[PDB]
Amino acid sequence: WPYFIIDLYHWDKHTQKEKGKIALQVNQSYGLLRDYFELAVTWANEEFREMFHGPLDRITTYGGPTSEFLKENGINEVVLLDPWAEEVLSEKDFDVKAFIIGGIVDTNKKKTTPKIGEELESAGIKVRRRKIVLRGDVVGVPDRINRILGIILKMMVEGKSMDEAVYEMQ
C-alpha cells in the first residue's frame, strides 16, 4: 500500500564493486518485499538496470530525481530513514505515503543520507528524518538496505516492536 523508495543518489560517485553491492541489496530488498505486502528506485539510470540481476518488470524504476517521482504521484511528505536524526521512527509515521532508503554503502561511514533530506526539502517536500534504534543506540542495527526494509516491515506488517524487529533482522 505505501511506497518503499530506494534513492540511488550518489550512484556515479561509487566504485564498480560498490555499485554491484547496491544492486544486490536492492534485489534482496525486492525479494523481501515479495514475502510481505511497491519498491521504487529513483535515480535509476541505465547502468543500475544493467547491474540489477533481478526482474526490472517487477519493480518501479525512475531515472529522474526522487522529488520528481514524489510530485508525479501526489506525495508531499515522506519518512527518510536516517541514522543521523534525533527522533526515532514510531507508529505515528506509518501514515505517510512513502518511505525512502538511500542507496548507499560504506567502505569509514560518513554522513550521507541527511543530504538526501536537504535535497528533498529544497524541492519543497516535507521530510521526517527517522532513525531506527536498538535500546536507544543505533549500534547493533544492521544498516544494509534490505535489512532496514525488513526492520520496518516487521513493525508495520507483523506488528513487532522496534527492538524485536531489529534483533530478528540482526
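All residue numbers refer to positions in the sequence shown, first residue = 1.
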Missing residues of the deposited chain between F37 and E38 number 1 to 3
Of the deposited residues between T107 and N108, the number without coordinates is 1 to 3
Higher of the two mean Cα B-factors (109-117, 61-69; per PDB record) comes from 109-117
Taking the deposited Cα B-factors and averaging over 19-27 and over 5-13, the higher mean is found in 5-13
Reading the B-factor column for Cα atoms of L32, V139, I101, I132, the highest value belongs to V139
For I125, the third of its chain by CA B-factor is the highest
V96: CA B-factor among chain residues, third -> highest
For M155, the third of its chain by CA B-factor is the middle
